[PDB]
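Chemist: just the starting chains for now, same placement as in the complex:
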Amino acid sequence: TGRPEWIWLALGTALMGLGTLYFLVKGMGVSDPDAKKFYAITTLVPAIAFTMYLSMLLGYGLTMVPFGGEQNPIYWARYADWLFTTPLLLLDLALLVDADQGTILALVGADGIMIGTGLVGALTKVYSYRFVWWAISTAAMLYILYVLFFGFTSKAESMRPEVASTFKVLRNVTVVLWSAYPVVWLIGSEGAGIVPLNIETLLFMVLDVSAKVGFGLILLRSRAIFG
Amino acid sequence: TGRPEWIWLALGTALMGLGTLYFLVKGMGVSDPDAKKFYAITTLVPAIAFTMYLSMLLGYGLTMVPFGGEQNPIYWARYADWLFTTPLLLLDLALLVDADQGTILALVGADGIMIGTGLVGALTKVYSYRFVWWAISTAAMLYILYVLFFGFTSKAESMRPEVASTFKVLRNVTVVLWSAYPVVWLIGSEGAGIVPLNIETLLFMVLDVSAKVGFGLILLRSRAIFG
C-alpha cells in the first residue's frame, strides 16, 4: 500500500520544486530566442514533475488495482507526468541537434505510445496481460533510444564542438537512465513484486530527479543552448 | 446539488452556440492567411465552450465529490473546456504580438498546469488540500498575466497602431476577467461554500461569455487581425 514511501515522494516533490525555481531564476535575463526555448522546455519538465509528485504525496495520484489475487497500490500519477515530460526532454535533444520535423514527430509519437501503453499495463487486471503491455512499451522505448544514439549523434556531428559535446553527455545520460525505468517497473509493484513499493519509489525518485534536474543542469549551464 | 442553475447553463450553451455561428458566418470570405488563423483560433474557443456547457446542462459534466463531510456537486466539464480553450486565447494574443516560440511554449505550459492543477483541486477529497492546489493554480495564472501585461505589451509596441491598441484592449479584458475565476472558485462550491452553486454558475457564465465571445468580438471586428 502507500504510506512508508511518503518520504521519497516528499523529497521528490521538494527536489523538483527547487529545481523549477532554480531554472526559473536563471533564465530571467535571457534574450536569445534559441536559449529561451531551451529554458522554457527544460523548466516545464521539473514543474510538471513537481505537481505529480505532490499528488502522490497527498494521495491523489494513488489508486488500487486488483490483479493476481490482491489489491495493489498503483501510483498512476507517474504516467500523467511522463506523458508530457518525456516528450519535452526529447524536444530539448531535437532542438540541440536540429532534427527533422518528421523524426521529431516519430519520436513524440513513439513516446506517447510508450507512456500510454505503460499506463494501460499498470492498470490492467489480468496479471499476465500487464507484461504484454510492458513489452510493447519497451519496444517503443528501444526505438527512441536507437534514434537518439545513432540518428541524433550523426546530426550533432554537424554542429560546433560545444553543441556536439553537450549533446553527447545528455545522450549518454538519457539512454542509461531511461532504460532503468522498464526494469524498475518489471521488478516493482507494477510487475513481479520482487522489490517493495518503498524501495521502488526511491528508485524512480533518483531516476526522475537525475533525468530532469540533472539533465537540465547539464544543458542549461552549457553554452550549447546559444546560437 | 445541480438543478436550479440549469438556467445559467442553458443560457451559456445558447450564447456560446450563437457566438460560434456568428464568428463562423463572418470568416467565410477571408483570404488573408493571418486573419484566417485568428478566425480559426477564435471560433474554436466558443465552439468548445458550447459542447462543455451542453454537457453540464444535460448532467454529464457534473460529478459528486465528498469532502469536509458531505457530497458536493462539482462541474468538472469546466476544466475540460478551459484546458484547450485558455491556451487558444493565449495563442490569439501571441500571434497578435508576434511572440517568441519559447514564450508561447512557456505560456501554454503554465496554462496547462493552471487548469490541470485546478482540476485536481476540484476533485480532491481532503478539504484542506483543495486550497493547496488552488494556490499552485493561482501562482501559474499570475505568471501568465505578468507576461501578457509586461512582456506582451512591449512586443505590441513594435507593431502598427491598430494592432497595439487592439492588443491593449484584449490585454485589459483578459487580465481583469481571468483573475476573477480563482476568486469565484475560492468562494464557490469548490472551495469555501460562501456563494451558492446557483450564483456561482451565473458568475462563471458571465465571465466565460465575456472572456470568449466578447474577446472574440473585440478582436474579429478590428483590422488588427490583418497583415
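Modeler: Noted; the coordinates are in hand. Numbering: from 1, shown residues only, chains lettered A, B, ... in the order given.

Chemist: helix/strand/coil for the residue of chain A found nearest chain B?
Modeler: Residue of chain A nearest chain B, by C-beta to the nearest C-beta: residue A:36 (3.4 Å). The C-beta positions use only the backbone N, C-alpha and C, and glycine is treated the same way. Classification of residue A:36 using DSSP: H, G, I helix; E, B strand; the rest coil returns helix.

Chemist: tell me how many other residues surround it.
Modeler: Number of residues near residue A:36 (other C-beta atoms under 10 Å in any protein chain shown) recorded here: 19.

Chemist: next one: it from residue B:208, what distance?
Modeler: Using C-beta to C-beta, to the nearest Å, residue A:36 is found at 32 Å from residue B:208.

Chemist: which bits of chain A sit near chain B?
Modeler: Contacts of chain A with chain B, taken as C-beta under 8 Å from any C-beta of the partner chain, map to A:33, A:36-41, A:43-44, A:47-48, A:51, A:54-55, A:58-60, A:84.

Chemist: helices along chain A, start to end?
Modeler: Remark: helices assigned in chain A by DSSP state H are A:6-24, A:33-57, A:77-97, A:101-123, A:127-146, A:153-156, A:161-178, A:180-187, A:197-209, A:215-220.

Chemist: helices or strands next to the first one in the packing?
Modeler: Identification of packing neighbours for helix A:6-24 by 3 or more C-beta pairs under 8 Å, 6 or more residues apart in numbering or on different chains; DSSP states H and E yields helix A:33-57, helix A:197-209, helix A:215-220.

Chemist: for it, which outside residues touch it?
Modeler: For helix A:6-24, contacts defined as C-beta atoms under 8 Å, 6 or more residues apart in numbering or on different chains pick out A:39, A:42-43, A:46-47, A:49-50, A:53-54, A:56-57, A:198, A:201-202, A:204-205, A:208-209, A:212-213, A:216, A:220.

Chemist: and that helix, how far out from the chain middle?
Modeler: 15 Å (C-alpha atoms, centre = their mean, to the nearest Å).

Chemist: and the residue nearest the centre of chain A?
Modeler: residue A:86 (4.5 Å; C-alpha atoms, centre = their mean).

Chemist: go ahead and place chain C:
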Amino acid sequence: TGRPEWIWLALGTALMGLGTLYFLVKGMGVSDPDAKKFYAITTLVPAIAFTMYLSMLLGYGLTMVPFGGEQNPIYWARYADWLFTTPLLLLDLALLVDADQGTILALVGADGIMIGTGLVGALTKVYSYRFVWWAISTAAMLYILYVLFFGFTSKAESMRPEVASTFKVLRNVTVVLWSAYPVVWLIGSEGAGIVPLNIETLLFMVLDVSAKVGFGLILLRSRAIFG
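Modeler: Okay, here's chain C dropped in alongside the others:
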C-alpha cells in the same frame, strides 16, 4: 456484451500490426525530409490503431454503460484511437496539399470536437441525449469533409499531376469511408441497436483497416510524398 466479436478484434489487431511493420520496413532508407514526414505520420496511424485494438481484444477497452433500461457494452478504446488517429490522417492530406496553418488548425479542432463529442455520446446514460451528441459530432464531420472535398481539391490543383491525382484518390477514399462511421454508430450498439455488436465490430474493422492501411498504401506507394 463482448466475447463473440473477439475474432474481428483479433484480426484488426493483426492487420494494424502488420500494417505498421510494413510501413516501418519501407521508410527505412528515406532521406527526403518531406517523404520522411509522410512516413512518420502515416506509420503512427496504424501503430496507434494496433494498441487500441489490442486493448479491446484483451477487454481493457470495453466498459458497460446503462441506458434505455439495460447494461450496454461500449468499446471506448475506439475514441482514444480516433482522437489522435483522425487528425494525423487529416495532417497527411494537408501536407500533400500544402494547406494554410489556419485551416489545418480549424480541421484538427473540428476533428477533436467530433471525436470528443462522439465519446461523450457513447458514454451518456440518457438514451435520448446520445443522439443529440451524435448530431453535433456528425455536423463536425460534415464540416471536415466539406473542406477536404471543396477546399483541399482546389489547393491540390496547384501542385504537379502526381500530387493532384494521389490527393484525389485519398480524398475520395476518406470522404466515403469516414461518412460510414456515423451510420454504423447510429445503427449499432451505441445507438439504435439494430445491428448486433458482432457485425458492428466487423464493420468498424473493415472501415478502420481501409481508412488507415489502405489509405497509407495508396499514399506511401506513390511519388506524391516527394518534393
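
Chemist: now with chain C: the contacts of helix A:6-24?
Modeler: Outside helix A:6-24, the residues that reach it (C-beta under 8 Å, 6+ apart) are A:39, A:42-43, A:46-47, A:49-50, A:53-54, A:56-57, A:198, A:201-202, A:204-205, A:208-209, A:212-213, A:216, A:220.

Chemist: only alpha carbons, please: show that helix as PDB.
Modeler: What follows is helix A:6-24, C-alpha atoms only, in PDB (Å, rounded to 0.1, in the frame of the first residue of the first chain):
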ATOM      1  CA  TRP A   6       5.900   9.100   1.700                       C
ATOM      2  CA  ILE A   7       9.500  10.300   2.400                       C
ATOM      3  CA  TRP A   8      10.700   9.600  -1.100                       C
ATOM      4  CA  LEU A   9       7.600  11.300  -2.500                       C
ATOM      5  CA  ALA A  10       8.200  14.300  -0.200                       C
ATOM      6  CA  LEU A  11      11.800  14.600  -1.200                       C
ATOM      7  CA  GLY A  12      11.000  14.200  -4.900                       C
ATOM      8  CA  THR A  13       8.400  16.900  -4.600                       C
ATOM      9  CA  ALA A  14      10.900  19.100  -2.900                       C
ATOM     10  CA  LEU A  15      13.700  18.500  -5.400                       C
ATOM     11  CA  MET A  16      11.500  19.000  -8.400                       C
ATOM     12  CA  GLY A  17      10.200  22.200  -6.700                       C
ATOM     13  CA  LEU A  18      13.600  23.600  -6.000                       C
ATOM     14  CA  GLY A  19      14.800  22.500  -9.500                       C
ATOM     15  CA  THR A  20      12.000  24.500 -11.100                       C
ATOM     16  CA  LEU A  21      12.700  27.600  -9.000                       C
ATOM     17  CA  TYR A  22      16.400  27.400  -9.800                       C
ATOM     18  CA  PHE A  23      15.900  27.100 -13.600                       C
ATOM     19  CA  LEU A  24      13.300  29.900 -13.500                       C
END
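
Chemist: report the inter-axis angle for that helix versus helix A:77-97.
Modeler: Here helix A:6-24 runs at 30 degrees with respect to helix A:77-97, directions being taken by axes from the mean of the first three to the mean of the last three C-alpha atoms, to 10 degrees.

Chemist: any buried residues in helix A:6-24, and which?
Modeler: Buried residues in helix A:6-24, counted by 16 or more other C-beta atoms under 10 Å in any protein chain shown: A:8, A:9, A:11, A:12, A:13, A:15, A:16, A:17, A:19, A:20, A:22, A:23.
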